[PDB]
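**Q** Provided hereafter are the protein sequence and its experimental coordinates.
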Amino acid sequence: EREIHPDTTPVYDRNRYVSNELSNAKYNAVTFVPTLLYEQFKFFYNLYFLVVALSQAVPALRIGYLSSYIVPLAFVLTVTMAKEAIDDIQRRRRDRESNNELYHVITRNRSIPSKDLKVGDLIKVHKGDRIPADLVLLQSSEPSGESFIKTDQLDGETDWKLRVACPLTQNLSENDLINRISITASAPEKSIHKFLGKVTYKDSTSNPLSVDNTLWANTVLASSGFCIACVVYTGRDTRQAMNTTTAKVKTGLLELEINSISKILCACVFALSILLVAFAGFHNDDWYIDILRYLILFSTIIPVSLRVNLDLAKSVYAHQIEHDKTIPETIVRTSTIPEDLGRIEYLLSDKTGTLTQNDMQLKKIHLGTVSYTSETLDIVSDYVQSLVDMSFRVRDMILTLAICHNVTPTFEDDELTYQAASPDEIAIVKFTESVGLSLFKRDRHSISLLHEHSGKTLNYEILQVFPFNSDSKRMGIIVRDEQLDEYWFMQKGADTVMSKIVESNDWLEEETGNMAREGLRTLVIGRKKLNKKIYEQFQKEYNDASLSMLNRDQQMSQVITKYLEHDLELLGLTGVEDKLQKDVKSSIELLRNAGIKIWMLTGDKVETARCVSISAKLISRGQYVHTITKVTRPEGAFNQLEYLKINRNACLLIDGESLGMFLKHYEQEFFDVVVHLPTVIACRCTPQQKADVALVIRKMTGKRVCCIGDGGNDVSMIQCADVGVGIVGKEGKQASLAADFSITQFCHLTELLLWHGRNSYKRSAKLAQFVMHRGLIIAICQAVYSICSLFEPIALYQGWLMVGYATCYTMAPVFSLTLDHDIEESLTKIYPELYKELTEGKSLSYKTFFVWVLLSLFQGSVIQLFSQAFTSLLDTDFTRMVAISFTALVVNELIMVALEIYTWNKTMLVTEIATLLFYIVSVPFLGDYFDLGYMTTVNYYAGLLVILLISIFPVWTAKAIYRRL
Ligand SMILES: CCCCCCCC/C=C\CCCCCCCC(=O)OC[C@H](COP(=O)(O)O[C@H]1[C@H](O)[C@@H](O)[C@H](OP(=O)(O)O)[C@@H](O)[C@H]1O)OC(=O)CCCCCCC/C=C\CCCCCCCC
Ligand code: BEF
């Protein structure tokens with residue numbers, strides 16, 4: 001439905017149509033906590049500390065100070081809520097910058113910004129004015145023709161689309177246009193190639209509307225004066241918003257691993273409590289309450305400290321990412337999953353924006369005996385300047401390059417600009433202009449040049465034109481010169497098709513083979529000289545062959561083959577290139593060397609995809625490069641079967657429809673094939689299919705899938721991907737406004753993954769190691785005391801020492817791990833292989849958690865038993881035993897932190913000593929009610945030395961042995 005009339009003031013919004021601000025907002029305040037709380041409190045490693053601190057609801061379970069349980073619970077809750085709210089408001093602030101762009105309007109008022117622009121308010125978009133919503137172009141810049149919009153940031157196609165103003169709206173003028181014109185459009189739907197509706201005028205006047213009559217979403221107007229359009233859809237009705245899935249919160253692999261080991265740790269301490277209660281036997285005979293009490297005692301430190309440490313180390317990780325000057329302006333969007341980087345194994349990359357700047361130029365031109373590079377412009381320049389032995393080759397090559405195309409230049413000011421249907425033509429004409437034979441004027445029935453040096457202006461009359469078309473790959477024109485009465489035909493197209501029409505060309509195959517190896521978009525050009533009457537003979541034949549209503553249109557092809565394109569002289573071939581992002585062709589090599597199966601997923605065409613892939617070293621110097629294009633229906637399984645037969649070592653290049661079919665019916669079989677390949681490339685992939693592939697890879701292989709992109713083409717992938725990165729590109733930011741991370745170019749990803757991610761993961765792993773170690777050591781010490789004296793475990797370290805060990809005395813060196821560096825900043829590039837060592841669960845598997853358990857058990861057992869050996873269990877010596885136990889326990893952590901530190905930074909060497917000397921100011925100063933004997937005699941410190949020596953010698957020796965081996 002949707003009858004839209006200008007003069008929408010009576011129903012201006014008024015809930016009749018949505019507003020145009022596409023905010024990336026989360027958690028409306030009326031449902032902020034009800035969502036965040038129920039989200040974070042479902043994982044066991046959080047529910048554990050919640051259930052611990054929610055004890056003391058029954059008085060029988062009061063293990064100690066209510067402060068020890070409520071305080072840290074509130075601390076973690078408030079810190080998590082604050083971080084989440086800060087991230088949300090920061091995203092809203094950053095998004096506000098693009099929501100209220102300023103758009104000149106014609107209905108009323110001065111220019112009003114977006115979020116005030118709504119259905120049907122005419123926008124006089126200018127030049128590079130990013131379109132705000134879905135438009136219907138009612139009037140162009142008055143060329144009596146069309147206007148161009150480039151889809152660089154909507155579907156990724158690198159070629160500008162053709163859009164034509166509606167036929168009846170070029171004459172109405174503003175007065176009748178505003179008053180009552182009316183239009184209608186179909187209800188919003190997916191896809192970026194369909195449209196339906198009608199324009200309307202007084203009485204029954206009506207005309208059809210088609211995809212070429214509309215400008216969509218963030219498509220950017222290109223190379224034109226201005227145009228008048230009335231928005232049709234807006235507010236999540238755009239073709240950009242409709243093709244994008246709802247955002248979902250994501251969780252880190254490190255969080256999952258810590259949950260999986262916290263399950264085991266809870267089971268372990270529950271088993272220890274059961275053992276203690278059953279061993280004692282006579283503990284009140286209400287053994288269930290006693291095992292519950294012991295469980296609550298043993299669980300008071302580990303999980304609640306783990307959440308604090310992780311959530312306050314994520315802040316350091318995010319600050320380090322956001323602050324580094326080697327990756328400047330890489331502001332992070334999602335504070336969570338900063339450590340997930342470092343365990344990435346797949347990387348689905350976009351082509352347009354991330355890889356190619358969509359800038360193009362004639363890198364090199366070859367025309368037979370020699371070749372000319374862009375740097376050697378001087379020779380061709382002085383050759384062409386004399387246009388008005390090899391001169392007859394080069395001059396005519398350039399004179400044909402400057403005339404055989406579809407470009408149309410226009411002047412907005414003293415400078416000219418190019419409106420053309422393809423960057424290939426744009427670059428060809430730009431090269432001609434640079435070498436001095438600039439195109440200066442264009443129109444039906446006339447093509448002209450402006451000549452440098454001599455200042456002459458050349459005028460040619462195009463007699464017929466054969467536009468570029470798919471499955472033809474040839475474009476040519478018949479040119480009638482009038483400076484000299486000569487007729488010409490000049491043709492341009494793909495070598496694979498033209499090579500059958502060119503002269504002997506004994507060198508063309510060799511040159512093309514050595515040309516395309518660099519990924520250049522090879523094109524060949526030829527000519528033929530005609531006369532006046534022969535053109536008339538051709539026209540008679542072509543006019544007859546153009547008979548309408550007859551199903552013999554191939555007569556025209558036969559005529560052109562007979563007369564025009566049979567023996568074209570070979571002027572030469574030209575190599576157009578895609579300007580890759582800085583340092584891409586080595587960054588890809590580094591990433592692949594680290595073990596990441598870098599793929600390519602693009603919305604572009606197959607030829608350009610292959611050319612960019614070959615240019616970027618994504619395909620090795622020699623590979624099969626299998627092609628699977630336009631396969632439909634299930635019967636394409638023979639392609640995958642032949643791929644298995646080919647036995648790997650053969651890159652795959654697949655069309656978007658083929659990928660969509662294979663991922664639709666042959667999910668598992670296709671995945672089992674593509675997994676072992678070194679690289680996959682997709683072409684013409686719609687925004688949904690990239691997200692589908694990203695989901696399927698993770699679902700099927702378990703590995704983690706990075707995704708990098710820019711523009712609304714990749715929002716659906718970045719949201720459904722892991723650690724999804726966005727690039728804030730020129731002329732648009734919508735992708736970075738929704739990505740998890742942001743970077744100004746693709747070169748940054750090398751450092752963002754190999755160094756920041758790896759260091760984050762290692763820091764978090766070792767920090768969790770130490771937290772669990774310092775929890776289990778005290779748990780084991782209390783359990784050993786209960787075993788060896790039959791007293792309740794809570795007797796040892798009773799009072800303020802539990803708080804002082806949970807926090808304060810020993811938090812600082814444990815947090816100090818998050819400032820270490822595994823390797824220098826620079827040495828990441830020289831040894832990319834290091835990142836591969838994390839490919840397996842080498843840091844948080846049960847096989848390592850149990851080793852930590854054994855080491856903590858030994859440490860605590862030695863501590864407690866040797867304290868008892870150097871003291872007595874009698875209550876007379878309790879205040880001495882507790883001291884020789886607790887001080888040794890604290891020094892245990894303050895020594896083991898220094899034992900497992902890789903590089904000694906200034907902060908660590910300060911904080912370790914500053915917490916040891918804080919403990920020395922601790923209970924030995926105001927703690928006399930516990931942990932106090934004489935504590936000065938030599939027999940005390942000798943025993944402490946012996947305990948510490950026997951405690952650390954195994955870890956020191958093991959570290960030495962396993963660093964020697
Ligand atoms: C509407 C919602 C309502 C909620 C409101 C809040 C309720 C109460 C708040 C808190 C409760 C208790 C928790 C206390 C901790 C607070 C932690 C935190 O929340 O995070 C905030 C900063 C982040 O840093 P900032 O302080 O914001 O300032 C930074 C900017 O973040 C940073 O962006 C700027 O640089 P770029 O990154 O942008 O380039 C920077 O200039 C500042 O503006 O948390 C932290 O500060 C985390 C700790 C920081 C790490 C410190 C050590 C590590 C760094 C480097 C190591 C190098 C070695 C040094 C050697 C020493 C030689 C002398
Ligand atoms: F090249 Be993608 F569409 F940003």
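**A** In hand now; what should we look at? Residues are numbered from 1 along each chain as shown. Ligands and ions are numbered 1, 2, ... in the order given.

**Q** Other residues contacting stretch 532-544?
**A** With CB atoms under 8 Å, 6 or more residues apart in numbering as the test, stretch 532-544 has contacts from 463-464, 478, 480, 485, 487, 555-556, 559-560, 562-564. Quick note: C-beta positions are derived from backbone N, CA and C, even for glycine.

**Q** what's the answer for stretch 574-584, then?
**A** So stretch 574-584 is contacted by 354-366, 401, 423-424, 427-428, 515, 518-525, 608, 611-612, 615-616, 745-747, 750 (CB under 8 Å, 6+ apart).

**Q** Check stretch 194-211 too.
**A** Residues outside stretch 194-211 that contact it (CB under 8 Å, 6+ apart): 136, 138, 166-169, 172, 180-186, 193, 213-214, 232.

**Q** List only those of those flagged as buried.
**A** For the contacts of stretch 194-211, a burial check counting by 16 or more other CB atoms under 10 Å picks out 136, 138, 166, 169, 172, 181-185, 213-214, 232.

**Q** Return the member of those residues nearest to ligand 1.
**A** Minimum distance to ligand 1 across those is 38.4 Å, recorded for residue 232 (CB to the nearest ligand atom).

**Q** ok, and the closest non-adjacent residue to the closest one?
**A** Excluding the flanking residues, the one nearest residue 232 by CB to CB, 6 or more residues apart in numbering is residue 185, at 4.7 Å.

**Q** Kindly report the same for residue 101.
**A** Closest to residue 101 by CB to CB, 6+ apart is residue 114, at 4.9 Å.

**Q** so the one you found bridges to which residues?
**A** residue 117 (DSSP bridges).

**Q** picking that back up, please name the residues that touch the residue nearest to residue 232.
**A** Contacts of residue 185 by CB under 8 Å, 6+ apart are 2, 4, 136, 195-197, 209, 232-233.

**Q** What distance do you get for it to ligand 2?
**A** Note on residue 185: its distance to ligand 2, by CB to the nearest ligand atom, to the nearest Å, is 26 Å.

**Q** so residue 322 makes contact with residue 328?
**A** No - counting by CB atoms under 8 Å, residue 322 stays clear of residue 328, with 9.8 Å between them.

**Q** re the thing from before, do you know how far the residue nearest to residue 232 is from residue 409?
**A** Distance, residue 185 to residue 409, by CB to CB, to the nearest Å: 34 Å.

**Q** hmm, back to that, filter the contacts of stretch 574-584 down to the ones near ligand 1?
**A** Contacts with ligand 1 within the contacts of stretch 574-584, counted by CB under 6 Å from any ligand atom: none were found.

**Q** Quick one, which of those residues are buried?
**A** Among these, the ones that count as buried by 16+ other CB under 10 Å are 354-358, 360-366, 401, 423-424, 427-428, 515, 519-525, 608, 611-612, 615-616, 745-747, 750.

**Q** Which ones among these lie within helices?
**A** Residues of the buried ones among the contacts of stretch 574-584 located in helices (DSSP state H): 401, 423-424, 427-428, 515, 608, 611-612, 615, 750.

**Q** now stretch 950-963, how far from the centre of its chain.
**A** 43 Å (CA atoms, centre = their mean, to the nearest Å).

**Q** Please list the residues outside that stretch that contact it.
**A** Contacts with stretch 950-963, where a contact means CB under 8 Å, 6+ apart, come from 855, 858-859, 862-863, 866, 888, 892, 895-896, 899.

**Q** again, only using 10 Å
**A** Contacts with stretch 950-963, where a contact means CB atoms under 10 Å, 6 or more residues apart in numbering, come from 777, 851, 855, 858-863, 866, 888-889, 891-892, 895-896, 899-900, 949.

**Q** Helices - which of those land there?
**A** Counted as lying in helices by DSSP H, out of those, are 777, 851, 855, 858-863, 866, 888-889, 891-892, 895-896, 899, 949.

**Q** Just the buried ones from those?
**A** The neighbour count (16+ other CB under 10 Å) marks 777, 855, 858-863, 866, 888-889, 891-892, 895-896 as buried among the ones in helices among the contacts of stretch 950-963.

**Q** could you list every residue that touches the one residue in the stretch 801-950 of the chain that gets nearest to ligand 1?
**A** Using CB to the nearest ligand atom, the point where the stretch 801-950 of the chain gets nearest to ligand 1 is residue 906, with a distance of 4.1 Å. Residue 906 makes contact with residue 819 under the criterion CB under 10 Å, 6+ apart.

**Q** out of residue 322 and residue 328, which sits in the busier spot?
**A** For residue 322 versus residue 328, neighbours defined as other CB atoms under 10 Å are more numerous around residue 322 (16 against 12).

**Q** so the residue most central in space within the chain bridges to which residues?
**A** Note on the chain: the residue nearest the mean C-alpha position is residue 708, at 2.1 Å, using CA atoms, centre = their mean. Beta bridges link residue 708 to residue 349, residue 725, judged by DSSP bridges.

**Q** I'd like to know how far it sits from ligand 2.
**A** Distance of residue 708 to ligand 2, computed by CB to the nearest ligand atom: 9 Å.

**Q** can you pull the contacts of residue 713?
**A** Taking CB under 10 Å, 6+ apart, one finds 151-157, 192, 218, 240, 243, 350-353, 601-604, 685-687, 690, 734-735 in contact with residue 713.

**Q** Contacts only, for residue 20.
**A** 99-100, 103, 113-119, 132-133, 231, 233-238.

**Q** Mind checking which of these are buried?
**A** Judged by 16+ other CB under 10 Å, buried ones among these: 99, 103, 114-119, 132-133, 231, 233-235, 237-238.

**Q** Assign residue 960 to helix, strand or coil.
**A** Recorded secondary structure, residue 960: helix (DSSP: H, G, I helix; E, B strand; the rest coil).

**Q** What's the separation between it and ligand 1?
**A** Here the criterion is CB to the nearest ligand atom. By it, residue 960 lies 28 Å from ligand 1.

**Q** And the strands in the stretch 451-600 of the chain, which stretches?
**A** 457-466, 474-481, 487-493, 521-530, 569-580, 597-601 (DSSP state E, counting those that start in this stretch).

**Q** I meant to write the stretch 51-200 of the chain there.
**A** Taking DSSP E, counting those that start in this stretch as the criterion, the stretch 51-200 of the chain carries its strands at 102-103, 112-113, 123-126, 135-139, 146-150, 161-164, 183-185, 197-200.

**Q** among those strands, which is the most enclosed?
**A** Among these, ranked by average contacts under mean count of other CB atoms under 10 Å, first place goes to strand 135-139 (a mean of 23).

**Q** Direction included, what does that strand pair up with?
**A** strand 214-215 (antiparallel), strand 226-229 (antiparallel).

**Q** Flag every residue of this structure that's near ligand 2.
**A** 156, 350-353, 603, 709-711, 713-714.

**Q** Export these to JSON lines and append columns for distance to residue 727.
**A** Below are the residues of the chain next to ligand 2 laid out as JSON lines (distance: CB to CB, whole Å):
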{"residue": "156", "distance to residue 727": "13"}
{"residue": "350", "distance to residue 727": "8"}
{"residue": "351", "distance to residue 727": "12"}
{"residue": "352", "distance to residue 727": "11"}
{"residue": "353", "distance to residue 727": "6"}
{"residue": "603", "distance to residue 727": "15"}
{"residue": "709", "distance to residue 727": "7"}
{"residue": "710", "distance to residue 727": "4"}
{"residue": "711", "distance to residue 727": "9"}
{"residue": "713", "distance to residue 727": "12"}
{"residue": "714", "distance to residue 727": "9"}
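
**Q** Can you tell me which of these end up in helices?
**A** Within the residues of the chain next to ligand 2, no residue falls in helices by DSSP H.

**Q** Return only those of those found close to ligand 1.
**A** Applying CB under 6 Å from any ligand atom to those, none is adjacent to ligand 1.

**Q** which among those residues gets closest to ligand 1?
**A** The closest of these to ligand 1 turns out to be residue 710 (CB to the nearest ligand atom; 21.9 Å).

**Q** can you count the residues close to that closest one?
**A** Neighbour tally, residue 710, other CB under 10 Å: 28.

**Q** Next up, the contacts around it.
**A** Residue 710 neighbours (CB under 10 Å, 6+ apart): 152-153, 156, 350, 352-354, 718, 725-730, 732-736, 739, 746.
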